[PDB]
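Worksheet for the structure shown next.
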Amino acid sequence: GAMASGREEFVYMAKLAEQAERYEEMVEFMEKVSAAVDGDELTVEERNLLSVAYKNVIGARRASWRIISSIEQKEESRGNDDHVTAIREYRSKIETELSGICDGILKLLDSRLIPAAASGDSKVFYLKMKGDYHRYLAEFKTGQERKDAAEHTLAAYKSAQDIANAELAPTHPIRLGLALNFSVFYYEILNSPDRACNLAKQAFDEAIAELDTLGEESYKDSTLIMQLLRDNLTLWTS
Amino acid sequence: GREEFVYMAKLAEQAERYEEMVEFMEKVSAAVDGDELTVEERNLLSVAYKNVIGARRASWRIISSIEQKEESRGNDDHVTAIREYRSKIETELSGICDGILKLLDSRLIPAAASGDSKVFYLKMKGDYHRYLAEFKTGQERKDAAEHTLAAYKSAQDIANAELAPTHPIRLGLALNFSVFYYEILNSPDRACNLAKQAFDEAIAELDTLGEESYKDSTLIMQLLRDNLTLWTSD
Amino acid sequence: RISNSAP
Amino acid sequence: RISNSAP
Ligand code: NA
Ligand code: NA
Ligand code: NA
């Protein structure tokens with residue numbers, strides 16, 4: 001409907017796109033929600049839908065980028081310059097998509113979502129999200145653009161961590177999710193496995209110490225993130 | 001040209017970017033004037049369209065179930081929104097079927113020079129008319145079903161006469177022909193009878209098969225049985 | 001969906 | 001990759 005308007009209608013459309021697994025349209029619908037709320041704050045349901053939408057869109061291209069990059073390296077070592085040329089053009093097309101996807105959500109975060117975040121929960125959530133999409137940029141950018149991306153990732157994760165340490169319980173899924181992704185940043189982007197393990201073990205330990213504060217409500221999301229922390233630590237150790 | 005776009009199509013498959021895989025293989029087919037696609041090129045073409053249509057088919061079924069539920073709830077506002085969305089998916093469904101059906105009618109079917117490829121492209125013509133019949137209504141649905149039956153019948157005639165009963169293309173045709181009867185024409189007895197005959201004729205000479213050829217046939221035959229096991233119990 | 005078609 | 005990030 002050309003006269004569709006407001007968060008409620010476009011929230012519903014985003015839920016349809018999600019069931020249909022048409023995540024590009026789910027992004028489009030959630031961007032219209034953001035436009036309708038501009039100034040105010042997204043609800044928890046809306047922010048999570050926005051996040052699901054961009055997570056699935058970018059995740060498809062991240063997966064494609066990885067397989068195409070591995071094929072490029074294989075063809076390079078085979079000496080097949082003509083294939084390599086073709087693979088590079090194709091990887092470049094996927095990179096322009098990755099870049100445009102990250103730019104979309106980063107523009108919403110910088111211009112609307114972060115400026116309006118009121119509670120400590122919301123500030124950490126969106127600052128973590130900003131660092132997440134700068135990190136996806138650092139996964140494939142090169143040269144100066146990669147350094148700029150990694151710097152923007154650190155800056156967003158560190159500012160989120162300062163707020164989380166002060167305002168969120170160690171068992172809070174947002175605080176834990178930030179610690180997990182910050183440690184992945186250390187390991188995968190900065191190639192610092194020791195700093196990654198230290199941060200992942202710290203967050204895990206702090207959560208374990210207070211594992212009676214997470215009650216039946218967040219308890220389930222927290223344990224899953226704690227299991228991911230544990231699993232990364234095992235892999236990074238072995 | 002031909003080989004460049006075949007390679008690009010293989011990259012798109014790895015990347016699971018199937019809309020781009022269709023574009024690349026449409027360019028391969030255009031580069032091959034009169035000649036038949038190779039088996040490799042033929043299978044890349046089918047995987048590409050199969051995955052592109054397969055995803056809209058999945059989306060359509062989910063959205064259709066949602067439409068019925070919101071109607072049962074009296075949420076007419078939601079129903080309207082869902083119908084507009086289902087209509088958008090049907091447009092894509094219609095446009096995807098149109099692309100492969102035009103290609104089949106103008107290039108692939110005329111160029112087919114052996115029973116092998118004749119059955120393959122006729123079966124594929126029936127397949128995509130059948131995907132039209134899954135969601136079309138009124139005269140468009142009637143037209144789709146009429147073209148599916150005619151494509152599949154022509155395919156079956158060539159296949160019975162020139163392809164071993166164990167040939168995965170002949171078995172696939174029987175499989176899809178039987179599904180057509182069960183799902184589109186609501187003829188379960190005929191669906192079962194067709195699937196059963198095709199199965200029996202395949203187990204009859206299932207001894208001649210080797211090793212690479214055995215896995216190919218046995219896979220289709222197990223799908224034939226799985227349908228029969230369910231159809232025969234209703 | 002109950003039925004399966006050819007791969 | 002080796003590492004899991006958050007849901
Ligand atoms: Na809302
Ligand atoms: Na945007
Ligand atoms: Na906000």
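In the structure tokens, the first chain shown is A, the next is B, and so on; residue numbers restart at 1 for each chain, and ligands run from 1 in the order shown.
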>> List the spatial neighbours of residue 3 in chain C as a list in words - criterion: any atom at most 9 Å away, only C-alpha atoms, same-chain residues fewer than 3 positions off excluded.
In response: residues 179, 182, 183, 223, 226, 227, 230 and 231 of chain B
Write to file, as a PDB file, in the first residue's frame, the residues of the selection just made, with C-alpha atoms.
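Once everything was written out, this is result_20.pdb:
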```pdb
ATOM      1  CA  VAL B 179       3.871 -35.306  -8.492  1.00  0.00           C
ATOM      2  CA  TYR B 182      -0.936 -35.822  -7.110  1.00  0.00           C
ATOM      3  CA  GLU B 183      -0.557 -32.105  -6.468  1.00  0.00           C
ATOM      4  CA  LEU B 223      12.205 -40.594  -3.926  1.00  0.00           C
ATOM      5  CA  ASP B 226       8.989 -42.273  -0.477  1.00  0.00           C
ATOM      6  CA  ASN B 227       6.093 -40.623  -2.323  1.00  0.00           C
ATOM      7  CA  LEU B 230       2.961 -41.609   1.739  1.00  0.00           C
ATOM      8  CA  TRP B 231       0.470 -41.500  -1.170  1.00  0.00           C
TER       9      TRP B 231
END
```
>> Within 12 Å of chain D, which residues belong to chain A? Use only C-alpha atoms and report them as a ChimeraX atom specification.
In response: /A:48,51-52,55-56,59,62-63,66-67,70,125,128-129,132,135-136,139,173-189,193,196-197,200,221-238
>> I'd like the neighbourhood of residue 83 in chain B as a PyMOL selection string, where a residue qualifies if any of its atoms comes within 12 Å (using only C-alpha atoms), though same-chain residues fewer than 2 positions away should be ignored.
In response: (chain A and resi 1+13+16) or (chain B and resi 60+63-68+70-71+76-81+85-90)
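In chain B, the set of residues within 9 Å of chain A (atoms considered: only C-alpha atoms) is residues 4, 7, 8, 11, 12, 14, 15, 16, 17, 55, 56, 58, 59, 60, 61, 62, 63, 66, 78, 80, 81, 82, 84 and 85 of chain B.
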> If you run DSSP on the backbone, which residues of range 19-200 of chain A are alpha helix (DSSP H), as JSON, numbers by chain?
Replying inline: {"A": [19, 23, 24, 25, 26, 27, 28, 29, 30, 31, 32, 33, 34, 35, 36, 37, 44, 45, 46, 47, 48, 49, 50, 51, 52, 53, 54, 55, 56, 57, 58, 59, 60, 61, 62, 63, 64, 65, 66, 67, 68, 69, 70, 71, 72, 73, 74, 75, 76, 77, 78, 81, 82, 83, 84, 85, 86, 87, 88, 89, 90, 91, 92, 93, 94, 95, 96, 97, 98, 99, 100, 101, 102, 103, 104, 105, 106, 107, 108, 114, 115, 116, 120, 121, 122, 123, 124, 125, 126, 127, 128, 129, 130, 131, 132, 133, 134, 135, 136, 137, 138, 143, 144, 145, 146, 147, 148, 149, 150, 151, 152, 153, 154, 155, 156, 157, 158, 159, 160, 161, 162, 163, 164, 165, 166, 167, 173, 174, 175, 176, 177, 178, 179, 180, 181, 182, 183, 184, 193, 194, 195, 196, 197, 198, 199, 200]}
>> Residues within 12 Å of residue 216 in chain B, please, as a count of residues only. Count only C-alpha atoms; anything in the same chain fewer than 4 positions from it doesn't count.
In response: 18
> What is the distance, in Å and to one decimal place, between CA of residue 108 in chain B and CA of residue 44 in chain B?
Replying inline: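 Atom-to-atom, CA of residue 108 in chain B and CA of residue 44 in chain B are spaced 13.9 Å apart.
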> For the atom pair CA of residue 152 in chain A and CA of residue 124 in chain A, what is the interatomic distance in Å to one decimal place?
Replying inline: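 For CA of residue 152 in chain A relative to CA of residue 124 in chain A, the distance reads 15.1 Å.
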>> Show me which residues are within 9 Å of ligand 1 counting only C-alpha atoms and all ligand atoms, and format the list as a list in words.
In response: residues 6, 7, 8, 9, 10, 11, 12, 33, 42, 43, 44, 45 and 46 of chain A
Export N, CA, C and O atoms of the chosen residues as a compact mmCIF listing (two decimals), in the first residue's frame?
```txt
# COMPACT_ATOMS: atom_id res chain seq x y z
N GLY A 6 3.99 4.58 9.34
CA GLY A 6 4.11 4.36 10.76
C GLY A 6 4.87 3.09 11.10
O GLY A 6 5.01 2.18 10.29
N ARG A 7 5.37 3.06 12.33
CA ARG A 7 6.18 1.92 12.77
C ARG A 7 5.37 0.63 12.77
O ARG A 7 5.90 -0.44 12.43
N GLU A 8 4.10 0.69 13.16
CA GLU A 8 3.33 -0.54 13.31
C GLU A 8 3.19 -1.26 11.97
O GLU A 8 3.45 -2.47 11.87
N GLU A 9 2.80 -0.54 10.92
CA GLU A 9 2.61 -1.19 9.63
C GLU A 9 3.91 -1.77 9.10
O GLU A 9 3.96 -2.92 8.65
N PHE A 10 4.99 -0.98 9.13
CA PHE A 10 6.25 -1.45 8.56
C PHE A 10 6.92 -2.49 9.44
O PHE A 10 7.68 -3.32 8.93
N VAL A 11 6.65 -2.48 10.75
CA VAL A 11 7.09 -3.58 11.61
C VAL A 11 6.45 -4.88 11.15
O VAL A 11 7.12 -5.91 10.99
N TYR A 12 5.14 -4.85 10.90
CA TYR A 12 4.46 -6.04 10.40
C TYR A 12 5.06 -6.51 9.07
O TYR A 12 5.28 -7.72 8.87
N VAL A 33 10.72 1.99 9.32
CA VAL A 33 10.41 2.13 10.74
C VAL A 33 11.31 3.18 11.37
O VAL A 33 10.85 4.13 12.02
N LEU A 42 13.69 3.28 19.10
CA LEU A 42 13.05 2.04 18.71
C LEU A 42 12.70 1.23 19.96
O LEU A 42 13.39 1.29 20.99
N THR A 43 11.61 0.48 19.87
CA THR A 43 11.31 -0.47 20.92
C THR A 43 12.32 -1.61 20.86
O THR A 43 13.12 -1.72 19.92
N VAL A 44 12.27 -2.49 21.86
CA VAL A 44 13.13 -3.67 21.87
C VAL A 44 12.81 -4.57 20.68
O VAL A 44 13.71 -5.08 20.00
N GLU A 45 11.53 -4.78 20.41
CA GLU A 45 11.14 -5.60 19.27
C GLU A 45 11.68 -5.02 17.96
O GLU A 45 12.21 -5.75 17.12
N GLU A 46 11.59 -3.70 17.79
CA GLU A 46 12.04 -3.09 16.55
C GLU A 46 13.56 -3.20 16.39
O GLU A 46 14.05 -3.58 15.33
```
>> For ligand 3, return the neighbouring residues as a PyMOL selection string (distance at most 6 Å; only C-alpha atoms and all ligand atoms).
In response: chain A and resi 41+113-114+116-117
Residues from the last selection, N, CA and C atoms, saved as a short mmCIF file (atom, residue, chain, number, x, y, z; two decimals), in the first residue's frame:
```cif
data_model
loop_
_atom_site.label_atom_id
_atom_site.label_comp_id
_atom_site.auth_asym_id
_atom_site.auth_seq_id
_atom_site.Cartn_x
_atom_site.Cartn_y
_atom_site.Cartn_z
N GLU A 41 13.02 6.60 20.23
CA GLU A 41 13.77 5.36 20.33
C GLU A 41 12.99 4.20 19.75
N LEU A 113 20.08 6.29 15.86
CA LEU A 113 19.88 5.30 16.91
C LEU A 113 20.76 5.60 18.13
N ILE A 114 22.05 5.86 17.91
CA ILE A 114 22.96 6.13 19.02
C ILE A 114 22.59 7.46 19.67
N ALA A 116 19.91 8.90 20.15
CA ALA A 116 18.67 8.84 20.91
C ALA A 116 18.69 7.77 22.00
N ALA A 117 19.72 6.93 22.04
CA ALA A 117 19.79 5.88 23.06
C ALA A 117 19.85 6.50 24.45
#
```
